[PDB]
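Notes for the one structure printed next.
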Amino acid sequence: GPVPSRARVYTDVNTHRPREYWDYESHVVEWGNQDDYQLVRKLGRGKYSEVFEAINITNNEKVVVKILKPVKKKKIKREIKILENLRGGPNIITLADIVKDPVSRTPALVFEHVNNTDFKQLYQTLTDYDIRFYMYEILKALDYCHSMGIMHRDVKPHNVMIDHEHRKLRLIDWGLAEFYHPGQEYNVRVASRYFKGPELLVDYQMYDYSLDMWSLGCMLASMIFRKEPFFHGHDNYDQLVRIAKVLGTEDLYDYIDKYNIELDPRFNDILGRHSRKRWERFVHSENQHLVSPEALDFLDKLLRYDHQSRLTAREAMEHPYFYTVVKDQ
Ligand SMILES: CC(C)COC(=O)c1[nH]c2ccc(F)cc2c1-c1cn(CC2CCN(CCNS(=O)(=O)c3ccc(CC(C)C)cc3)CC2)nn1
């Protein structure tokens with residue numbers, strides 16, 4: 001069968017913590033008073049939750065209430081446990097309270113409020129510098145959670161909340177995140193299609209934090225080339241097709257060899273032969289003000305089939321692309 005794998009960094013971080021740190025199944029939830037919050041207006045909805053602006057009538061503080069739809073109790077315990085473990089880390093959304101409606105009995109998480117409502121315009125007026133800066137803030141959060149033994153597994157634009165007025169950014173929706181344990185085999189059905197890593201697409205289950213680094217690359221690429229989504233895949237098979245027509249197929253079959261991955265016979269007829277394209281081809285007159293040698297050298301080191309050879313968050317944070325942002329701080 002397939003050749004095993006381990007994270008290059010933070011490998012045994014959880015082995016060294018006490019059991020309860022990662023054994024979320026045994027975590028008991030500190031519920032609270034659902035009557036301290038009142039819903040003002042709805043802010044969004046998704047397959048696993050509906051999000052409201054709310055006010056804590058205890059302190060007048062405005063707040064975000066995320067009402068969970070039916071999942072397994074352990075999935076909830078998982079999100080709750082990861083959020084508490086990460087509370088206070090750089091640019092992690094703060095879980096404030098945990099309440100359950102008395103009659104409905106649907107659980108809900110209560111978070112610090114981050115002012116977004118600005119995204120659409122902000123998305124197409126970020127300067128080259130804004131992008132470097134906000135990418136640096138994301139990496140701060142990824143490095144933290146990785147060092148804390150946690151994969152996010154759903155890195156993507158909509159899971160980043162930016163109040164540009166206060167250059168403030170939080171990484172949200174930890175519903176998909178797990179703890180990394182060496183030699184564990186994880187579910188490949190995670191993350192949005194356009195951001196799924198090659199390991200998930202070919203069904204290699206012993207993946208790790210470097211999965212988030214791939215998704216960062218896709219985020220970065222669409223921002224700097226002004227192409228959303230970058231890898232515009234019709235479904236999970238054609239998404240590996242779309243990657244291969246940029247990264248080339250030779251590096252892909254090398255990846256498959258090295259880890260002795262068993263390709264779904266479906267891919268046989270659709271992966272083709274494709275050379276590895278030069279990034280220059282995505283550069284046109286309307287995005288070139290966000291494209292630079294440093295940005296492309298950076299991008300190329302995130303988007304590798306071989307998850308072991310992608311930049312780690314800390315390593316990313318040191319790349320030349322970020323010299324100017326680091327100099328300001
Ligand atoms: C929606 C549910 C399905 C799940 O919800 C939550 O789980 C949730 N949980 C919260 C906790 C606290 C809270 F305060 C809100 C929330 C929310 C929550 C969710 N939505 C909805 C969208 C959130 C993202 N918006 C813009 C995208 N990011 S963006 O513009 O800021 C940007 C800029 C630029 C980039 C480029 C990079 C260089 C950075 C990327 C992203 C669109 C609206 N609203 N609130």
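Order determines the names: the first chain of the structure tokens is A, the second B, and so forth; residues in each chain are numbered 1 upward, and ligands are numbered 1 upward as they are shown.
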
As a PyMOL selection string, please: the residues near residue 174 (chain A) (cut-off 9 Å, only C-alpha atoms, same-chain neighbours under 4 positions excluded). chain A and resi 78-80+82-83+152-154+159+178

Please check which protein, DNA or RNA residues sit within 6 Å of ligand 1, counting only C-alpha atoms and all ligand atoms, and write them as an MDAnalysis selection string. chainID A and resid 43:46 49:51 64 111:114 119 123 131 134:135 157:162 172:173

Could the residues in this selection be written to a file with N, CA and C atoms, as a PDB file, in the first residue's frame?
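Here's the written file out11.pdb:
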ATOM      1  N   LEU A  43     -25.937  37.497   8.995  1.00  0.00           N
ATOM      2  CA  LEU A  43     -24.741  37.848   8.236  1.00  0.00           C
ATOM      3  C   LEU A  43     -24.342  36.830   7.179  1.00  0.00           C
ATOM      4  N   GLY A  44     -24.822  35.596   7.251  1.00  0.00           N
ATOM      5  CA  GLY A  44     -24.500  34.616   6.232  1.00  0.00           C
ATOM      6  C   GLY A  44     -25.075  33.265   6.591  1.00  0.00           C
ATOM      7  N   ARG A  45     -24.913  32.320   5.662  1.00  0.00           N
ATOM      8  CA  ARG A  45     -25.340  30.950   5.915  1.00  0.00           C
ATOM      9  C   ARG A  45     -24.529  30.003   5.043  1.00  0.00           C
ATOM     10  N   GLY A  46     -24.361  28.776   5.536  1.00  0.00           N
ATOM     11  CA  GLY A  46     -23.611  27.725   4.882  1.00  0.00           C
ATOM     12  C   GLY A  46     -24.166  26.360   5.245  1.00  0.00           C
ATOM     13  N   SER A  49     -23.862  26.007   9.192  1.00  0.00           N
ATOM     14  CA  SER A  49     -24.112  27.044  10.194  1.00  0.00           C
ATOM     15  C   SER A  49     -24.751  28.283   9.574  1.00  0.00           C
ATOM     16  N   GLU A  50     -25.425  29.064  10.427  1.00  0.00           N
ATOM     17  CA  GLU A  50     -25.989  30.371  10.095  1.00  0.00           C
ATOM     18  C   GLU A  50     -25.433  31.376  11.090  1.00  0.00           C
ATOM     19  N   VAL A  51     -24.988  32.530  10.595  1.00  0.00           N
ATOM     20  CA  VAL A  51     -24.222  33.489  11.391  1.00  0.00           C
ATOM     21  C   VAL A  51     -25.011  34.782  11.515  1.00  0.00           C
ATOM     22  N   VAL A  64     -20.959  38.214  17.441  1.00  0.00           N
ATOM     23  CA  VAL A  64     -21.386  37.356  16.341  1.00  0.00           C
ATOM     24  C   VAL A  64     -21.793  36.013  16.925  1.00  0.00           C
ATOM     25  N   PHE A 111     -18.889  34.687  19.235  1.00  0.00           N
ATOM     26  CA  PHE A 111     -17.548  35.121  18.862  1.00  0.00           C
ATOM     27  C   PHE A 111     -17.393  36.633  19.009  1.00  0.00           C
ATOM     28  N   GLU A 112     -16.144  37.069  19.141  1.00  0.00           N
ATOM     29  CA  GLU A 112     -15.809  38.469  18.934  1.00  0.00           C
ATOM     30  C   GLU A 112     -16.346  38.923  17.586  1.00  0.00           C
ATOM     31  N   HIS A 113     -16.831  40.156  17.530  1.00  0.00           N
ATOM     32  CA  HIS A 113     -17.324  40.731  16.287  1.00  0.00           C
ATOM     33  C   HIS A 113     -16.139  41.282  15.486  1.00  0.00           C
ATOM     34  N   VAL A 114     -16.049  40.925  14.204  1.00  0.00           N
ATOM     35  CA  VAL A 114     -15.127  41.586  13.287  1.00  0.00           C
ATOM     36  C   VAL A 114     -15.935  42.266  12.188  1.00  0.00           C
ATOM     37  N   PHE A 119     -16.262  43.754   1.847  1.00  0.00           N
ATOM     38  CA  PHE A 119     -15.409  42.767   1.193  1.00  0.00           C
ATOM     39  C   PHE A 119     -15.383  42.959  -0.316  1.00  0.00           C
ATOM     40  N   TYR A 123     -12.027  43.652  -2.152  1.00  0.00           N
ATOM     41  CA  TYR A 123     -11.413  42.536  -2.862  1.00  0.00           C
ATOM     42  C   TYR A 123     -10.734  42.992  -4.153  1.00  0.00           C
ATOM     43  N   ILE A 131      -1.812  43.101  -0.031  1.00  0.00           N
ATOM     44  CA  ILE A 131      -1.820  41.647  -0.147  1.00  0.00           C
ATOM     45  C   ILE A 131      -0.667  41.039   0.640  1.00  0.00           C
ATOM     46  N   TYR A 134      -1.620  41.334   4.372  1.00  0.00           N
ATOM     47  CA  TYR A 134      -2.666  40.459   4.892  1.00  0.00           C
ATOM     48  C   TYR A 134      -2.274  39.006   4.778  1.00  0.00           C
ATOM     49  N   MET A 135      -1.450  38.670   3.784  1.00  0.00           N
ATOM     50  CA  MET A 135      -0.888  37.328   3.725  1.00  0.00           C
ATOM     51  C   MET A 135       0.007  37.079   4.925  1.00  0.00           C
ATOM     52  N   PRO A 157     -10.525  32.411   0.937  1.00  0.00           N
ATOM     53  CA  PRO A 157     -10.906  33.816   1.216  1.00  0.00           C
ATOM     54  C   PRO A 157     -12.074  33.982   2.175  1.00  0.00           C
ATOM     55  N   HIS A 158     -13.158  33.243   1.974  1.00  0.00           N
ATOM     56  CA  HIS A 158     -14.333  33.502   2.790  1.00  0.00           C
ATOM     57  C   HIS A 158     -14.103  33.124   4.256  1.00  0.00           C
ATOM     58  N   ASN A 159     -13.067  32.334   4.554  1.00  0.00           N
ATOM     59  CA  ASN A 159     -12.744  32.023   5.934  1.00  0.00           C
ATOM     60  C   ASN A 159     -11.728  32.982   6.523  1.00  0.00           C
ATOM     61  N   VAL A 160     -11.541  34.139   5.901  1.00  0.00           N
ATOM     62  CA  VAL A 160     -10.727  35.220   6.431  1.00  0.00           C
ATOM     63  C   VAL A 160     -11.629  36.437   6.576  1.00  0.00           C
ATOM     64  N   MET A 161     -11.562  37.089   7.730  1.00  0.00           N
ATOM     65  CA  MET A 161     -12.381  38.256   8.025  1.00  0.00           C
ATOM     66  C   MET A 161     -11.474  39.457   8.234  1.00  0.00           C
ATOM     67  N   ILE A 162     -11.671  40.500   7.430  1.00  0.00           N
ATOM     68  CA  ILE A 162     -10.769  41.641   7.415  1.00  0.00           C
ATOM     69  C   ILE A 162     -11.591  42.894   7.632  1.00  0.00           C
ATOM     70  N   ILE A 172     -11.257  32.357  10.539  1.00  0.00           N
ATOM     71  CA  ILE A 172     -12.507  31.859  11.116  1.00  0.00           C
ATOM     72  C   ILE A 172     -12.884  30.491  10.559  1.00  0.00           C
ATOM     73  N   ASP A 173     -14.053  30.003  10.991  1.00  0.00           N
ATOM     74  CA  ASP A 173     -14.613  28.677  10.712  1.00  0.00           C
ATOM     75  C   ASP A 173     -13.625  27.534  10.892  1.00  0.00           C
TER      76      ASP A 173
END

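Comparing A:108, A:155, A:206, A:200 by their smallest distance to residue 2 (chain A), the closest is A:206 (using only C-alpha atoms).
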
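With only C-alpha atoms as the atoms that count, the residue of A:244, A:165, A:38, A:228 with the shortest distance to residue 52 (chain A) is A:38.
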
So which residues of region 22-268 of chain A fall under helix (DSSP H, G or I) by DSSP, listed as an NGL selection string? :A and (24-26 or 34-36 or 73-86 or 119-123 or 128-147 or 157-159 or 164-166 or 193-195 or 198-202 or 210-225 or 236-247 or 250-258 or 265-268)
